[PDB]
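A closer look at the structure
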Amino acid sequence: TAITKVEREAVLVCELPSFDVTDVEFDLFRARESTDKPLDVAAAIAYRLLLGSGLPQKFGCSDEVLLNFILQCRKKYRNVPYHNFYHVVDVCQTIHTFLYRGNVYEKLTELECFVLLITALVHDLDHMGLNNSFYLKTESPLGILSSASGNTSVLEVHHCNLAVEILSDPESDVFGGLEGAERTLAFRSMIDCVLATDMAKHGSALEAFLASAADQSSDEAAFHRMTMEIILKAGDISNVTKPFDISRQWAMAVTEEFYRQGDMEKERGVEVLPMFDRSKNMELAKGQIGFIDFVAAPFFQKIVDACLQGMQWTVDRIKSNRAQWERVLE
Ligand SMILES: COc1ccc(C(=O)Nc2c(Cl)cncc2Cl)cc1OC1CCCC1
Ligand SMILES: [Mg+2]
Ligand SMILES: [Zn+2]
């Protein structure tokens, strides 16, 4: 279904006064509250980020095709508490800061940077607020296909299907100005990156990045592809790297989405992990401190020390946020 001029214009009128979408302290929550059309403000933010990068122009992507693409993506996000359009616009904004404030763009081609910013916006398409384990536990029809065809990444394959669908329309094909090996690389790297966001692949992903970083000269292509995967993963788990009040609001949203999954599991009589169990009754800080200690702090420290020195602020902020969660526990 084609994007209309009227849908484009409602995005184009958002001027985002008092916001700098390129800054590491940018507050998407404040942006959403700033008007009564937060879906338009979010789309404008994505649009300004992509155009501001100078990348779509270089790869033959018109302003209009870019905006159509952003709006086709937006239509395929659901009204779930966390994995909605605001999460992927956030991931897009965050990756922009890693590339340009954290100087990770130096490690990548311009095309790879363009693909990363585009891929941020597709990477969770039509998320329903249930994780891969739910579909597997319940033998949902919606994930029988995945296991039957040799992959457990039910959601991520689904996101890729839909990204390909959006891009198949010339009106929203942001890769339509590419040809040959470049067009092929855009699609392949986009899909590799989305598939790599499955946290069941987190450990192997991180360890494959660290290996290629320790020896970049031996296989440049591999290092480029792994750097893209790790930066999309970094954007995806970046909530704990933000100013505390922003970080706390993301944590509230993730937790509500998890609890809704847990409630559906109780309805089905299947297993509910404590992290998903509304009845255990919080507290927010305990879950955050745990996620920081066991997942997020070691991830950012390892990728920063290995390679990505310009992203040191992520480690600093994680440390800071952890201390604040400790104070909230009294
Ligand atoms: C804002 O705090 C969190 C942010 C993100 C995630 C998280 O697991 N995100 C994620 C998910 Cl849920 C699925 N695939 C990839 C990723 Cl990165 C998890 C977070 O904390 C959870 C909630 C209680 C402990 C873990
Ligand atoms: Mg995902
Ligand atoms: Zn995501």
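Thresholds, definitions, all that
- Residues numbered from 1 in each chain as written, not as in the entry; some residues may be left out.
- Chains lettered and ligands numbered in written order.
- Heavy atoms only, no water.
- Residues with missing side-chain atoms left out of burial classes, pairs and counts.
- Near = heavy atom within 4 Å.
- Polar contact = N/O pair within 3.5 Å; in protein donor to acceptor, adjacent residues only side chain to side chain.
- Helix = DSSP H or I, 4+ residues; strand = E, 2+ residues; numbered from the N terminus.
- Nonpolar A, V, L, I, M, F, W, Y, C, P; charged D, E, K, R; others polar.
- Donors = N, O, S within 2.8 Å, 3.2 Å for Na, K, Ca; no water.
- Tetrahedral: all angles 85-135°; square planar, octahedral: opposite > 155°, others 65-115°.
- UniProt positions renumbered as here; feature names shortened; annotations may be inferred.
- Contact = heavy atoms within 4.5 Å.
- Salt bridge = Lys/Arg side-chain N within 4 Å of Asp/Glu carboxyl O.
- Buried < 20%, exposed > 50% of the residue type's maximum accessible area, 1.4 Å probe, protein only.
- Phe/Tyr/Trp six-rings, centres within 6.5 Å; stacked < 30°, edge-to-face > 60°.
- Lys NZ or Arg CZ within 6 Å of the ring centre and 35° of its normal.

This entry, as listed in the PDB, derives from X-ray crystallography and reports a resolution of 1.95 Å.

A separate point is the site of ligand 1. Taken together, 14 residues sit near ligand 1, with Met-199, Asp-236, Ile-237, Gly-287 and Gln-288 positioned nearest. The side chain of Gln-288 places a nitrogen or oxygen atom 3.2 Å from an oxygen atom of ligand 1. When contributions to the shell around ligand 1 are tallied by element, the ones reaching two or more residues are helix 14 (244–268) and helix 15 (284–306). Residue contributions to the shell around ligand 1 peak at four residues, all from helix 14. Each residue belonging to the shell around ligand 1 can be placed in one class, and the counts come to eight nonpolar, five polar and one charged.

The next point concerns the coordination of the zinc ion (ligand 3). Within the protein, the zinc ion (ligand 3) binds to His-87 (NE2), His-123 (NE2), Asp-124 (OD) and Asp-236 (OD); these donor distances fall in the range 2.0 to 2.2 Å. For the zinc ion (ligand 3), the four donor atoms in the first shell make angles of 87 to 176° at the metal, a pattern classed as irregular. Positions of the donor residues of the zinc ion (ligand 3) along the chain correspond to the pattern H-x35-H-D-x111-D. Between the zinc ion (ligand 3) and the magnesium ion (ligand 2), a separation of 4.0 Å is found, and both are coordinated by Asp-124. With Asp-124 in the loop between helix 7 (110–122) and helix 8 (132–137) and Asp-236 in helix 13 (residues 220–236), the pair connects residues that are 112 residues apart, well separated along the chain.

As a further point, take the UniProt feature "binding site: Zn(2+) 2" (unreviewed entry) in the chain. Per the UniProt record, "binding site: Zn(2+) 2" (unreviewed entry) is annotated on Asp-124. The contact partners of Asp-124, leaving out residues within four places of it in the chain, are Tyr-77, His-83, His-87, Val-88, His-159 and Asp-236. At 3.0 Å, the side chain of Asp-124 forms a polar contact with the side chain of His-123.

Next up on the list: the pattern of salt bridges. All chains considered together, the criterion is met by 20 salt bridges. Of the charged contacts, one joins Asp-293 and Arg-322 as a salt bridge, the two residues approaching to 2.8 Å between their closest N and O atoms. Of this pair, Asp-293 sits in helix 15 while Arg-322 sits in helix 16 (residues 312–328), and the two are 29 residues apart along the sequence. Among the residues examined, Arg-322 registers a relative accessible area of 25% and is labelled partly exposed. Between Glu-326 and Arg-322 there is a salt bridge, with the nearest N and O atoms lying 2.8 Å from each other. Of this pair, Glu-326 and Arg-322 both sit in helix 16, four residues apart, roughly one helical turn.

Using the criterion set out here, one finds 15 aromatic pairs in the structure. Seen in terms of ring centroids, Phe-299 and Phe-300 are 5.1 Å apart; in terms of plane orientation they differ by 85°. Their pairing is edge-to-face. Accessibility expressed as a relative area gives 1% for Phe-299, which makes it buried. The exposure class of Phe-300 is buried, given its relative accessible area of 0%. Each member of the aromatic cluster is reached from another via a ring pair, and the members are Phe-59, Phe-114, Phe-175 and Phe-187. If you follow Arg-32 out to its NZ or CZ, it ends over the ring of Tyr-86, 3.7 Å from the centre.

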